[PDB]
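Let's start with one chain on its own, the form deposited in one PDB entry, as structure tokens.
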């Protein structure tokens, strides 16, 4: 199968390299015949002779147009003629494309910012990660000597650990009495030993945790300091470092550097993304943290080095375990989008859709629109109305059914053919008209995006049912991941429509989807109220909670099923209302905030403090305890005692500090903040010292007993010391626990002073 592609230059000419793994054998294929190109729209065909002679210069070398040819393509449905301009080397394109655009007779240029290697995959119809080839993977991690006021990588690497199917080992240059530790003489020897391991194991995938922004950078500075050729690549090359906006990314030629950090960041939602928290949430098993201070202290005193080595070992071990858990899913996502695992695992929603569309556009001879320039970008800051949210009838309800649409937004796009190439298209014999916004969509032919979206949803269903019949457990897992990958991509189309940087951006399409959605959800609600006598307790966008307050559980279920039969006969196209679940009880606090419990006793919570990371565990824990007492036991006076118990424990300082940590994300550069909240205050004190802060950093702090604002009393939890610090019991009672619980017990008539 295909892992990746790139190009090298030989005698001034680009040579594509295709990196493959066939039958457990690494292979490189070379292609010297692929020509870089982009398109130009001319107002006059005669102008082509002027464009041929346009020249530029890269670095002394003179850039010219190799050859041209007129081609006929489609642009948003309508037919168009443009000139395909070829060049000798892909680096000629960025050097001359501006000179060609600025030419008077050139209306516009297209597809001029597509990387050569990616252009090759699309044009040749090649799909990475296709097949059942098993990749050999290796995880690794490092431990370092940290001192507070030093430069990056001023301290040596203390240990390098790695892990695969054979287990986990640690390389270090001090004597450690553990069976999985290999001892060498120096840091230099340790690094060289690691090179040999990678060379001999020859893994297809190198797995790290935050290796893009720490590990490889640290190794690089150290190899420079020690004079080592850090040749990790299968071609003898050193890791290549690239700039991805305000962050970094690292390739290793011939293999795939799989950094788990950006992947897990997108896949699951956690309060913090430390390696310990991630592992404990995914595998449900604890992992002890050993801090930089303890590591430094252990290395200098020579004392607890076993503890450090074990931590180093577990880092590599869990990294390998997590890599095994997340990689196959990302691999199937890569195959779907049609780009390398390296790019896909580091790409967000916007880029993934765009690359998929770019490939499909080529297959359909569809000329792709350009990225918006700064002027057009500012013109796309106009917003639109979103989903409908009913104000809930607040309180505790009995025997509730939840009904919702199966894929509401994708169903709308397919059913009503919503697409920029069908928008207000004149000359058609059939149209659908969006409510409120009034946009018309041609129904005569499948639109580009609804066509692709329809194939995706259809393919997904064919995979779901083939899974049930697939005996081979490995094939079933593969199909499961592809099916999940399709769901992710299919649900990304709507948001992409309203994404201002998108090539196929269309605000009219985006607001038409939401307008139609508001219509269908509101029609369905008044339908079940008027014709079946249900009370609709609450509704958000694509579903609602309903019940008959004076009815039996089986009575509610029966009537709900009858309603479903009724409205589904009225719904057009692919729209379908479904029976999502029945709930014994439910408590609806506000819009976006509620909790329900099924007949098994399982509680599901939305929006409440319990779900959020910017609330201490102590507040979330008793809110969950209160909610359980109400939903499962129906015991309101028990919920009260629990709060009295918790506030008393807090006031007497019997609560562990670990359950008092508050987590809050830094979203921008610290200088760009206008209002300084507690987490920003803590961040600025950190940045004042050694530690640098990036947008995406989660600040974990605790509030201390003292004077001043909350931000003046807040410190990072790592630095909390019982001998130096005392947490603010009053704060965690009056600002954390009580507000979170009072908002629930308010409905029963309890004040804050009813619980102290």
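Rigid core (definition): largest C-alpha set, two forms, superposition within 1.5 Å. Residue numbers count along the first chain shown, from 1.
- Two stretches are in play, 251-259 and 673-681, and the higher mean C-alpha B-factor belongs to 673-681.
- The PDB entry records a higher mean C-alpha B factor for 637-645 than for its counterpart among 116-124 and 637-645.
- Of the candidates 312, 274, 304, 339, the deposited coordinates give 304 the top C-alpha B factor.
- Annotation for 439, 136, 193, 147: 147 ranks highest, by Cα B-factor.
- When the modelled residues of the chain are ordered by their C-alpha B factor, residue 538 lands in the lowest third.
- Sort the modelled residues of the chain by CA B factor and residue 483 lands in the lowest third.
- Ranked by Cα temperature factor within the chain, residue 4 sits in the middle third according to the deposited record.
- When the CA B factors of the chain's modelled residues are split into thirds, the value for residue 31 lands in the lowest one.
- The entry lists a Cα temperature factor for residue 140 that places it in the lowest third of the chain's modelled residues.
Missing here is the form deposited in another entry; even so, the following discussion is about that form.
- Looking at 684, 124, 390, 535 after a core superposition between this form and the one not shown, you find that only 684 has a C-alpha shift of 2 Å or more.
- Once both forms are fitted on their core, the CA shift for residue 88 between this form and the one not shown remains under 2 Å.
- The Cα position of residue 450 differs by less than 2 Å between this form and the one not shown after fitting on the rigid core.
- Relative to the superposed core, residue 665 shifts its CA atom by 2 Å or more between this form and the one not shown.
- An increase of at least 3 Å in the separation of the C-alpha atoms of residue 475 and residue 125 is found in the other entry, compared with the displayed form.
- Pairwise change in the other entry: residue 518 and residue 484 C-alpha atoms lie closer than in the shown form, at least 3 Å.
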